[PDB]
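Single-structure report; data block below.
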Amino acid sequence: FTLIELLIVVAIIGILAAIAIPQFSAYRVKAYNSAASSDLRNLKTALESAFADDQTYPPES
Amino acid sequence: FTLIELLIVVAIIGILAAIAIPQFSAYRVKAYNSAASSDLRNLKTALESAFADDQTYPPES
Amino acid sequence: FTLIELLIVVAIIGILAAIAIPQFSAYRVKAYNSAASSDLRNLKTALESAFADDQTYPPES
Amino acid sequence: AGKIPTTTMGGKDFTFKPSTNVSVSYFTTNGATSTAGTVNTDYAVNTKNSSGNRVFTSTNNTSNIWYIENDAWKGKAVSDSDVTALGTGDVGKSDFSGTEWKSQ
Amino acid sequence: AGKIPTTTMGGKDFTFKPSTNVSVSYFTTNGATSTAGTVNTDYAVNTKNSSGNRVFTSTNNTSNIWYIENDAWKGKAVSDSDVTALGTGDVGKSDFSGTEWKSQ
Amino acid sequence: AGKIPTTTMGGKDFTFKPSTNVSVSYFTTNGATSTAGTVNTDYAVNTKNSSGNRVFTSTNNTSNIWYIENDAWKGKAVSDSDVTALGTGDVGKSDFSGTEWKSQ
Amino acid sequence: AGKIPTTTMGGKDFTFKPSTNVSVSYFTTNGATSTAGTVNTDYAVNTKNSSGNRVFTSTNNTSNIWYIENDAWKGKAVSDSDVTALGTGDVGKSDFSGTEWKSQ
Amino acid sequence: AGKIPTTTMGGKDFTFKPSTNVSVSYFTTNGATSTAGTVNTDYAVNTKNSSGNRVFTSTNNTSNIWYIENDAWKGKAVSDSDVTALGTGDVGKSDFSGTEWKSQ
Amino acid sequence: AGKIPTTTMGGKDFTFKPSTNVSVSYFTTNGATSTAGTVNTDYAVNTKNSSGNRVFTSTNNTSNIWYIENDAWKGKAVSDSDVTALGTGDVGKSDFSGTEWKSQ
Amino acid sequence: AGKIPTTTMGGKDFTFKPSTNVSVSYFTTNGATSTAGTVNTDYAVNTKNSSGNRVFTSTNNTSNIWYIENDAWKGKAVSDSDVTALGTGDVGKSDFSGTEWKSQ
Amino acid sequence: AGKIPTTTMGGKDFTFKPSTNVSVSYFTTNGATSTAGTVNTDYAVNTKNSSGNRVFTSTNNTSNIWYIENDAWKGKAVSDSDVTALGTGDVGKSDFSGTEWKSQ
Amino acid sequence: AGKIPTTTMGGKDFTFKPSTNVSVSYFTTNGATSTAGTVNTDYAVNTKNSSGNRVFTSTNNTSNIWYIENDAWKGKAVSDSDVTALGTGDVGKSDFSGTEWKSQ
């Protein structure tokens, strides 16, 4: 509308364009880690189930 | 106010009307997907709970 | 874009910044507790296994 | 046939309802037949959000949740034929060759 | 004295290690004395997660696992005095009057 | 050699598949040798998410899951040498001195 | 009666406070009666923003969050009668016939 | 003392930087003392834009973000005494009586 | 090299086009190399309106948008050397000493 | 067909009216067909002031607002054929080759 | 009643004063009643220069500014009855049939 | 003191020069003090043509331009005392009682 109105908008667009976007890197690597430790604690039950069938842990591959 | 003032406003309204509005389509389809995979991983626990009651998975429907 | 548009955003950012974040303290202390009671109920089987080898519970340390 | 079970064979309610906008299809060895003396040893089950580009599926004797992610269908439910769902039969599918994938 | 046994009197390793962040304290009739001719007829043993508001304990001639659950201590281990653990002595305690409880 | 077992010595399928993006490496006394008369008394096994800064490992005669958490490697799998995994040999490792840790 | 619980029967604080401008109403089998020997097996609970055209509700034995979305009320709280909330009684409501809906 | 943490006790960088013109003040049980064996169970933290008429604050065991909105101060930072910030001590403040408010 | 990405490594279009008159320059660890097996863990990216006296920039592991605001260049794009942009390398730059600034 | 929508498929009024003297034309996948079970995934929309030498247009999967600016037509509305508008079909047009332009 | 608001319900001054010679009239659902617990969801507002042949008006749920432009009244203010203003009531008027107009 | 600003506190030139024959006087909270850490929240400013019978003025928190129009002074500038200008202090003056006027 008025030149002064178009001077507040550009003064607010500048504000709302920098709101300290956080580093969402550590908060995701923790999920990837806790998939692998879960997966290992599960894998152990398969190994120690298979031993109590065969008196041996499985052959590799 | 002055004709030159009404020539900057129209020169700024034209600017602030094209600020590269992004495609908010992929950023929403990911939410719809992660509702369905969550829902399935939950549904599996109901099936494999019901088996350990009845020695059978449920009848369909 | 328009000053009124930049008055709804600030009216929504204020809303979505206060959504009653819950106290996730009790819901985590329960996990720490149920690690220790599990660990004790397991430790008991080692003690009462070792007795049935040696006619004695183990020496401390 | 082919829909989420409402009741298990012991007569108890299946205690699970799907999300607001997700299609589900479920298949088992002996269909809907609640004959009080059968045993479904297996299931194959799949889900898609009506608005999603992914259908997700699992079976009885598999770990992981297997997807397809075809961008083509975006407004379908898993009742539609052109979704490449796991229908009746192929209910165990302990292995997958070249069709769907969740591994690396 | 007072810690989890590393070895039983027959010279074999105690084959049990505690969880990532749990304190343990263990007491028996004849302490650490591995004299190859004694018999500990009893034990009293307790655990707490360093970050937990519960200390859990059991003794030789008791069923159940008995807790206290004092919200006060939250960053202590069972080595600390202000935890109300079952120290040396009172090692059987086949009965409990009014201090700790797991029953209804 | 060195990968997750697909089958146990009694000829049955190992009934476990890993997560979507996790590397696994597994080692035992007698390697891949399915000679129908051997006994692997032990295993050493490790996992890492391809995108994770942690490798996790366990062996036959240990409680706990032991990690390293080196921020350096973040896009490796446990097949890579610069991960400090528990290779063939050192398969029991009932004790750990100063390399990896899960205790307090 | 009928408001968000401030404390659970074990004497601990309910550890949850509502949003800046949301009305909440909560109902259970045995009301406010903290008699230290009762068991509320169920709840029915509803919320609306004072300025919103939606009231949202859930009960103990249901999945989903069920809404009504009547454009009429826009400046009410769920204490008002003309909101069609889930009052005392009808507290389980494992099924819904024709009144409220979140499914397709 | 009293400023935004640059590093957490595990030695990792706090991974968060404030906005262009916002003052922040942060308080915890054991101050700046990175002694590698302490546990801050709590925090109290507040922010104001240097040019804003509002100071906003939260603590560990509270939902909501609590403001004051005094039109008087408009060119202050939360380091100034005449802002009525939540200083060292009163760090939990699970409840608020008559000073600050975000509820209805 | 050095321009806005048209496609991400999963083969999908980058779904973003710049404003009418803005220059953009973008840098990452492994350049343009769409080898279907690499991982760019980082980016450094900058923009200027061709007619503006400000160049704005950000990197992967930083909050804020950092400017320079040199009144000298007013008809340049960020391809020009005399703009003091964040080129290839220095791609993380989690910290800034004395060159560019957005803080108080 | 081909005009600004007065109502969205959920039965709610489209809450937007055009400026005093601007022509608008709007196109979507399934036309005017308010069949309460369809999904328009896309739109293509254009505007011109009756007295302006510019027609402006956008589509669903594009950033920017694309113009033509032909000085010839100055007293037309976008209903006229000789305006080179984006009619029914070509509704996505995520890319533009040589006809209209807003970039540099 | 019926004049420009001097203060909003939160007690703050309305921060707007009219032009040198313009009459304004303003109407809302609950009149002048600053009862600190009401909600005016709507307004209807009109202006005329005392010396102008146009009265201009808008309401809450409308785009555009609607005029009448009767050459007859030229020395009236909108307080006068013979101006055909939007009085108390008819405060939303999301639509206009045949009385006032700003469209083509 | 008391004259049109030649430079703003960010060191940039005030980019405005007055008309051929107009006197201007300008007042703010903290005078001429360019201390690089102050904030003038307000101004009061007035103008007169040297040859005009009107002095015009405005302040920070007011709409309108307020005049006096005393036919007496006709060859003065606003530096003169007998002009009834808005000096240092009374810098906001959001309201005017009986001295100057621009309203009806």
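Note on naming: chains are A, B, ... as they come in the structure tokens, residues start from 1 per chain, ligands start from 1 in the order shown.
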Using only C-alpha atoms, find which residues of chain J lie within 10 Å of chain B and jot them down as a PDB file with N, CA and C atoms, in the first residue's frame.
```
ATOM      1  N   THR J  41      -5.285 -33.296  -7.739  1.00  0.00           N
ATOM      2  CA  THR J  41      -3.886 -33.192  -7.326  1.00  0.00           C
ATOM      3  C   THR J  41      -3.194 -31.933  -7.836  1.00  0.00           C
ATOM      4  N   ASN J  60       0.431 -25.759  -9.805  1.00  0.00           N
ATOM      5  CA  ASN J  60       0.651 -26.465  -8.553  1.00  0.00           C
ATOM      6  C   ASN J  60       2.135 -26.704  -8.237  1.00  0.00           C
ATOM      7  N   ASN J  61       2.862 -27.433  -9.086  1.00  0.00           N
ATOM      8  CA  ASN J  61       4.229 -27.838  -8.763  1.00  0.00           C
ATOM      9  C   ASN J  61       5.257 -26.891  -9.386  1.00  0.00           C
ATOM     10  N   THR J  62       5.086 -25.580  -9.196  1.00  0.00           N
ATOM     11  CA  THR J  62       6.095 -24.575  -9.558  1.00  0.00           C
ATOM     12  C   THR J  62       6.217 -23.506  -8.484  1.00  0.00           C
ATOM     13  N   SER J  63       7.440 -23.096  -8.173  1.00  0.00           N
ATOM     14  CA  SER J  63       7.697 -21.786  -7.581  1.00  0.00           C
ATOM     15  C   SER J  63       7.640 -20.703  -8.674  1.00  0.00           C
ATOM     16  N   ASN J  64       7.741 -19.434  -8.275  1.00  0.00           N
ATOM     17  CA  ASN J  64       7.609 -18.226  -9.097  1.00  0.00           C
ATOM     18  C   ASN J  64       6.199 -17.985  -9.653  1.00  0.00           C
ATOM     19  N   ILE J  65       5.939 -16.753 -10.085  1.00  0.00           N
ATOM     20  CA  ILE J  65       4.753 -16.338 -10.829  1.00  0.00           C
ATOM     21  C   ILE J  65       5.222 -15.907 -12.207  1.00  0.00           C
ATOM     22  N   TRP J  66       4.711 -16.539 -13.240  1.00  0.00           N
ATOM     23  CA  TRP J  66       5.236 -16.439 -14.593  1.00  0.00           C
ATOM     24  C   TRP J  66       4.382 -15.467 -15.388  1.00  0.00           C
ATOM     25  N   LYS J 102       9.817 -15.644 -15.771  1.00  0.00           N
ATOM     26  CA  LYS J 102      10.009 -14.758 -14.605  1.00  0.00           C
ATOM     27  C   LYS J 102      11.448 -14.768 -14.099  1.00  0.00           C
TER      28      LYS J 102
END
```
Q: Would you give me, as a PyMOL selection string, the residues of chain J that come within 12 Å of chain D, using only C-alpha atoms?
A: chain J and resi 37-41
May I have the selected residues written with N, CA, C and O atoms, as a PDB file, in the first residue's frame?
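Done, and the output landed in result.pdb:
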```
ATOM      1  N   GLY J  37     -15.826 -37.501  -4.028  1.00  0.00           N
ATOM      2  CA  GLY J  37     -14.951 -38.653  -3.977  1.00  0.00           C
ATOM      3  C   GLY J  37     -13.779 -38.525  -4.923  1.00  0.00           C
ATOM      4  O   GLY J  37     -13.008 -39.474  -5.105  1.00  0.00           O
ATOM      5  N   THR J  38     -13.590 -37.378  -5.582  1.00  0.00           N
ATOM      6  CA  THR J  38     -12.443 -37.161  -6.477  1.00  0.00           C
ATOM      7  C   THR J  38     -11.320 -36.412  -5.751  1.00  0.00           C
ATOM      8  O   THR J  38     -11.531 -35.844  -4.684  1.00  0.00           O
ATOM      9  N   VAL J  39     -10.124 -36.398  -6.337  1.00  0.00           N
ATOM     10  CA  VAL J  39      -8.975 -35.638  -5.838  1.00  0.00           C
ATOM     11  C   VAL J  39      -8.279 -34.922  -6.988  1.00  0.00           C
ATOM     12  O   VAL J  39      -7.540 -35.516  -7.765  1.00  0.00           O
ATOM     13  N   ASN J  40      -8.480 -33.614  -7.077  1.00  0.00           N
ATOM     14  CA  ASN J  40      -7.639 -32.751  -7.878  1.00  0.00           C
ATOM     15  C   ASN J  40      -6.279 -32.599  -7.211  1.00  0.00           C
ATOM     16  O   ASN J  40      -6.125 -31.841  -6.253  1.00  0.00           O
ATOM     17  N   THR J  41      -5.285 -33.296  -7.739  1.00  0.00           N
ATOM     18  CA  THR J  41      -3.886 -33.192  -7.326  1.00  0.00           C
ATOM     19  C   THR J  41      -3.194 -31.933  -7.836  1.00  0.00           C
ATOM     20  O   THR J  41      -2.083 -31.651  -7.414  1.00  0.00           O
TER      21      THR J  41
END
```
Q: Could you list, as a PyMOL selection string, the residues of chain A having an atom within 9 Å of chain B when counting only C-alpha atoms?
A: chain A and resi 1-3+6+9-10
Selection to disk with N, CA, C and O atoms, as a PDB file, in the first residue's frame:
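Result went into again-v9.pdb, see below:
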```
ATOM      1  N   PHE A   1       0.858  -1.214   0.000  1.00  0.00           N
ATOM      2  CA  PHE A   1       0.000   0.000   0.000  1.00  0.00           C
ATOM      3  C   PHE A   1       0.886   1.253   0.000  1.00  0.00           C
ATOM      4  O   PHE A   1       1.241   1.737  -1.092  1.00  0.00           O
ATOM      5  N   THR A   2       1.224   1.754   1.192  1.00  0.00           N
ATOM      6  CA  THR A   2       2.080   2.964   1.322  1.00  0.00           C
ATOM      7  C   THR A   2       3.544   2.534   1.464  1.00  0.00           C
ATOM      8  O   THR A   2       3.784   1.434   1.997  1.00  0.00           O
ATOM      9  N   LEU A   3       4.475   3.375   1.007  1.00  0.00           N
ATOM     10  CA  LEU A   3       5.897   3.068   1.086  1.00  0.00           C
ATOM     11  C   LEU A   3       6.340   2.710   2.494  1.00  0.00           C
ATOM     12  O   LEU A   3       7.265   1.907   2.656  1.00  0.00           O
ATOM     13  N   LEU A   6       5.381  -0.939   3.056  1.00  0.00           N
ATOM     14  CA  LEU A   6       6.372  -1.775   2.394  1.00  0.00           C
ATOM     15  C   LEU A   6       7.757  -1.621   2.991  1.00  0.00           C
ATOM     16  O   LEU A   6       8.716  -2.149   2.423  1.00  0.00           O
ATOM     17  N   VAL A   9       7.150  -4.573   6.221  1.00  0.00           N
ATOM     18  CA  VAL A   9       7.139  -5.946   5.724  1.00  0.00           C
ATOM     19  C   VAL A   9       8.564  -6.439   5.510  1.00  0.00           C
ATOM     20  O   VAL A   9       8.964  -7.486   6.029  1.00  0.00           O
ATOM     21  N   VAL A  10       9.355  -5.681   4.748  1.00  0.00           N
ATOM     22  CA  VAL A  10      10.757  -6.027   4.562  1.00  0.00           C
ATOM     23  C   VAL A  10      11.519  -6.005   5.875  1.00  0.00           C
ATOM     24  O   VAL A  10      12.583  -6.620   5.983  1.00  0.00           O
TER      25      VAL A  10
END
```
Q: Using only C-alpha atoms, determine which residues lie at most 9 Å from region 24-33 of chain D, disregarding the query and same-chain residues fewer than 2 positions distant; provide the list as a ChimeraX atom specification.
A: /B:36,40,57-61 /D:1-5,18,22,35-36,38-49,77-79,85-89,91
Emit the selected residues as a CSV table (one decimal), in the first residue's frame, including N, CA, C and O atoms.
```csv
chain,number,residue,atom,x,y,z
B,36,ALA,N,1.3,-44.8,7.8
B,36,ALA,CA,1.0,-46.2,7.4
B,36,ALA,C,2.1,-47.2,7.8
B,36,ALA,O,1.7,-48.3,8.2
B,40,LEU,N,1.2,-50.3,10.4
B,40,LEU,CA,1.6,-51.7,10.2
B,40,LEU,C,2.5,-52.3,11.3
B,40,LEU,O,2.2,-53.3,11.8
B,57,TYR,N,-3.3,-67.2,13.8
B,57,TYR,CA,-3.7,-65.8,13.5
B,57,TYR,C,-5.2,-65.7,13.3
B,57,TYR,O,-5.9,-66.7,13.0
B,58,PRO,N,-5.8,-64.5,13.4
B,58,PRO,CA,-7.2,-64.3,13.3
B,58,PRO,C,-7.8,-64.7,11.9
B,58,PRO,O,-7.0,-64.6,11.0
B,59,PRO,N,-9.0,-65.1,11.8
B,59,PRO,CA,-9.7,-65.1,10.6
B,59,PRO,C,-9.8,-63.7,9.9
B,59,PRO,O,-9.9,-62.7,10.7
B,60,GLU,N,-9.8,-63.6,8.6
B,60,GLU,CA,-10.0,-62.3,7.9
B,60,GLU,C,-11.4,-61.7,8.2
B,60,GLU,O,-12.3,-62.5,8.4
B,61,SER,N,-11.5,-60.4,8.1
B,61,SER,CA,-12.8,-59.7,8.3
B,61,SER,C,-13.6,-60.1,9.6
B,61,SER,O,-14.7,-60.5,9.5
D,1,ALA,N,-13.9,-61.0,2.3
D,1,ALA,CA,-12.5,-61.5,2.4
D,1,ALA,C,-11.5,-60.3,2.4
D,1,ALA,O,-11.8,-59.2,2.0
D,2,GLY,N,-10.2,-60.6,2.7
D,2,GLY,CA,-9.1,-59.6,2.4
D,2,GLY,C,-9.0,-58.4,3.3
D,2,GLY,O,-8.1,-57.6,3.0
D,3,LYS,N,-9.8,-58.1,4.3
D,3,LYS,CA,-9.7,-57.0,5.2
D,3,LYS,C,-9.2,-57.3,6.6
D,3,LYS,O,-9.3,-58.5,7.0
D,4,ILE,N,-8.8,-56.3,7.3
D,4,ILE,CA,-8.3,-56.3,8.7
D,4,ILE,C,-9.3,-57.2,9.5
D,4,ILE,O,-10.5,-57.0,9.4
D,5,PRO,N,-8.8,-58.1,10.4
D,5,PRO,CA,-9.6,-58.9,11.2
D,5,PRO,C,-10.3,-58.1,12.3
D,5,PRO,O,-9.7,-57.4,13.0
D,18,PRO,N,-7.3,-49.0,12.5
D,18,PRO,CA,-6.3,-48.2,11.7
D,18,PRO,C,-6.4,-46.7,11.9
D,18,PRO,O,-7.4,-46.2,12.3
D,22,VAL,N,-5.8,-44.5,6.3
D,22,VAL,CA,-5.0,-45.6,5.8
D,22,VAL,C,-5.9,-46.8,5.4
D,22,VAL,O,-6.7,-47.3,6.2
D,35,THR,N,-14.2,-71.2,11.9
D,35,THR,CA,-14.9,-72.6,12.1
D,35,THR,C,-14.6,-73.1,13.5
D,35,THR,O,-14.9,-74.3,13.8
D,36,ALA,N,-13.9,-72.4,14.4
D,36,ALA,CA,-13.6,-72.8,15.8
D,36,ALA,C,-12.8,-74.1,15.9
D,36,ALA,O,-12.7,-74.6,17.0
D,38,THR,N,-10.0,-74.5,13.2
D,38,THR,CA,-8.9,-74.3,12.2
D,38,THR,C,-7.7,-73.6,12.8
D,38,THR,O,-7.8,-73.0,13.9
D,39,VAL,N,-6.5,-73.6,12.2
D,39,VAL,CA,-5.3,-72.8,12.6
D,39,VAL,C,-4.7,-72.2,11.4
D,39,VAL,O,-4.0,-72.8,10.6
D,40,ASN,N,-4.9,-70.8,11.3
D,40,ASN,CA,-4.0,-70.0,10.5
D,40,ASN,C,-2.6,-69.9,11.1
D,40,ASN,O,-2.4,-69.1,12.0
D,41,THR,N,-1.7,-70.6,10.5
D,41,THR,CA,-0.3,-70.5,10.8
D,41,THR,C,0.4,-69.3,10.2
D,41,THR,O,1.6,-69.0,10.6
D,42,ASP,N,-0.2,-68.5,9.3
D,42,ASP,CA,0.4,-67.4,8.6
D,42,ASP,C,-0.5,-66.3,8.3
D,42,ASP,O,-1.8,-66.4,8.3
D,43,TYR,N,0.0,-65.1,8.0
D,43,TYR,CA,-0.6,-64.0,7.5
D,43,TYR,C,0.3,-63.2,6.5
D,43,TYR,O,1.5,-63.3,6.6
D,44,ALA,N,-0.3,-62.4,5.6
D,44,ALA,CA,0.3,-61.4,4.8
D,44,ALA,C,-0.5,-60.2,4.9
D,44,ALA,O,-1.8,-60.3,4.7
D,45,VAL,N,0.0,-59.1,5.1
D,45,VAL,CA,-0.7,-57.8,5.5
D,45,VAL,C,0.0,-56.6,4.9
D,45,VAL,O,1.2,-56.6,4.9
D,46,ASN,N,-0.8,-55.7,4.4
D,46,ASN,CA,-0.3,-54.5,3.7
D,46,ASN,C,-1.1,-53.3,4.1
D,46,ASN,O,-2.3,-53.4,4.4
D,47,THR,N,-0.5,-52.1,4.0
D,47,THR,CA,-1.1,-50.8,4.3
D,47,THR,C,-0.6,-49.8,3.3
D,47,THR,O,0.5,-49.8,2.9
D,48,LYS,N,-1.5,-48.8,3.0
D,48,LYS,CA,-1.1,-47.6,2.4
D,48,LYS,C,-2.0,-46.5,2.8
D,48,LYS,O,-3.2,-46.6,2.9
D,49,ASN,N,-1.5,-45.3,3.1
D,49,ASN,CA,-2.3,-44.1,3.2
D,49,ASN,C,-2.9,-43.8,1.9
D,49,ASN,O,-2.2,-43.8,0.9
D,77,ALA,N,-6.4,-46.9,-2.8
D,77,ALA,CA,-6.3,-47.8,-1.6
D,77,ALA,C,-5.8,-49.2,-2.0
D,77,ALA,O,-5.9,-49.6,-3.1
D,78,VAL,N,-5.3,-50.0,-1.0
D,78,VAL,CA,-4.8,-51.3,-1.4
D,78,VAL,C,-5.8,-52.4,-1.9
D,78,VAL,O,-5.4,-53.4,-2.3
D,79,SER,N,-7.1,-52.0,-1.9
D,79,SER,CA,-8.1,-52.8,-2.6
D,79,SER,C,-7.9,-52.8,-4.1
D,79,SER,O,-8.4,-53.7,-4.8
D,85,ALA,N,0.1,-55.3,-4.5
D,85,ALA,CA,0.0,-55.8,-3.1
D,85,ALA,C,0.2,-57.4,-3.0
D,85,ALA,O,0.2,-58.1,-4.0
D,86,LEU,N,0.4,-57.9,-1.8
D,86,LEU,CA,0.6,-59.3,-1.5
D,86,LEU,C,-0.8,-59.9,-1.2
D,86,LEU,O,-1.3,-59.9,-0.1
D,87,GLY,N,-1.4,-60.5,-2.3
D,87,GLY,CA,-2.8,-61.0,-2.1
D,87,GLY,C,-2.8,-62.3,-1.4
D,87,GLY,O,-1.8,-62.8,-0.8
D,88,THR,N,-4.0,-63.0,-1.4
D,88,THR,CA,-4.1,-64.3,-0.9
D,88,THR,C,-3.1,-65.3,-1.6
D,88,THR,O,-2.9,-65.1,-2.8
D,89,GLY,N,-2.6,-66.2,-0.9
D,89,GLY,CA,-1.4,-67.0,-1.3
D,89,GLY,C,-0.2,-66.1,-1.1
D,89,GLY,O,-0.3,-65.0,-0.6
D,91,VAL,N,1.7,-66.2,1.1
D,91,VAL,CA,1.4,-65.6,2.4
D,91,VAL,C,2.6,-65.6,3.4
D,91,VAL,O,2.8,-64.7,4.2
```
Q.
Give me, as a PyMOL selection string, the residues of chain C that a backbone DSSP run labels alpha helix (DSSP H).
A. chain C and resi 5-13+26-54
Just the residues within 7 Å of residue 21 (chain J), please, counting only C-alpha atoms, with nothing from its chain fewer than 2 positions along; format it as a PDB file with N, CA, C and O atoms, in the first residue's frame.
```
ATOM      1  N   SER J  19      -9.634  -8.824  -6.902  1.00  0.00           N
ATOM      2  CA  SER J  19      -9.557  -7.360  -6.957  1.00  0.00           C
ATOM      3  C   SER J  19     -10.584  -6.734  -7.896  1.00  0.00           C
ATOM      4  O   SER J  19     -11.157  -7.401  -8.754  1.00  0.00           O
ATOM      5  N   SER J  23      -9.455 -10.037 -14.127  1.00  0.00           N
ATOM      6  CA  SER J  23      -9.922 -11.297 -14.664  1.00  0.00           C
ATOM      7  C   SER J  23      -9.070 -12.428 -14.119  1.00  0.00           C
ATOM      8  O   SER J  23      -7.849 -12.297 -14.019  1.00  0.00           O
ATOM      9  N   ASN J  49      -5.266  -7.914 -14.973  1.00  0.00           N
ATOM     10  CA  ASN J  49      -6.115  -6.736 -14.875  1.00  0.00           C
ATOM     11  C   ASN J  49      -6.671  -6.425 -16.263  1.00  0.00           C
ATOM     12  O   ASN J  49      -5.919  -6.437 -17.236  1.00  0.00           O
ATOM     13  N   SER J  50      -7.968  -6.153 -16.384  1.00  0.00           N
ATOM     14  CA  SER J  50      -8.623  -5.912 -17.679  1.00  0.00           C
ATOM     15  C   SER J  50      -7.881  -4.867 -18.506  1.00  0.00           C
ATOM     16  O   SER J  50      -7.728  -5.044 -19.708  1.00  0.00           O
TER      17      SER J  50
ATOM     18  N   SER K 103     -16.849  -4.755  -7.686  1.00  0.00           N
ATOM     19  CA  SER K 103     -16.418  -5.651  -8.752  1.00  0.00           C
ATOM     20  C   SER K 103     -16.733  -5.014 -10.108  1.00  0.00           C
ATOM     21  O   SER K 103     -17.209  -3.881 -10.204  1.00  0.00           O
ATOM     22  N   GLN K 104     -16.468  -5.752 -11.181  1.00  0.00           N
ATOM     23  CA  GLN K 104     -16.631  -5.231 -12.534  1.00  0.00           C
ATOM     24  C   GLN K 104     -18.099  -5.140 -12.939  1.00  0.00           C
ATOM     25  O   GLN K 104     -18.976  -4.921 -12.106  1.00  0.00           O
TER      26      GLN K 104
END
```
**Q.** Surrounding residues of residue 34 (chain C) excluding itself and chain neighbours under 2 positions, 10 Å, only C-alpha atoms, as a VMD selection string
**A.** (chain C and resid 29 to 32 36 to 40) or (chain E and resid 48 to 49 52 54 56)
Writing out the chosen residues with C-alpha atoms as a JSON list (two decimals), in the first residue's frame:
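Wrote it out as again-v7.json, contents follow:
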```
[["chain", "number", "residue", "atom", "x", "y", "z"],
["C", 29, "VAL", "CA", 12.91, -43.24, 35.50],
["C", 30, "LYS", "CA", 10.61, -46.30, 35.18],
["C", 31, "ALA", "CA", 13.02, -47.74, 32.54],
["C", 32, "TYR", "CA", 16.08, -47.18, 34.81],
["C", 36, "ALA", "CA", 17.86, -52.78, 38.13],
["C", 37, "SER", "CA", 15.03, -55.18, 39.19],
["C", 38, "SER", "CA", 15.64, -57.32, 36.06],
["C", 39, "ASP", "CA", 19.37, -57.27, 36.89],
["C", 40, "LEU", "CA", 18.73, -58.41, 40.50],
["E", 48, "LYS", "CA", 19.87, -49.41, 42.19],
["E", 49, "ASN", "CA", 20.29, -47.65, 38.86],
["E", 52, "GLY", "CA", 16.69, -44.35, 39.48],
["E", 54, "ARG", "CA", 14.33, -47.24, 43.49],
["E", 56, "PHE", "CA", 15.73, -53.25, 45.03]]
```
Q | Atom pair CA of residue 55 (chain G) / CA of residue 42 (chain B): separation (Å) | A | 26.5 Å
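CA of residue 94 (chain K) is positioned 9.2 Å from CA of residue 15 (chain J).
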Q) What residues in region 12-91 of chain L get the DSSP label strand (DSSP E)? Please answer as a PyMOL selection string. A) chain L and resi 22-28+43-49+55-59+66-67
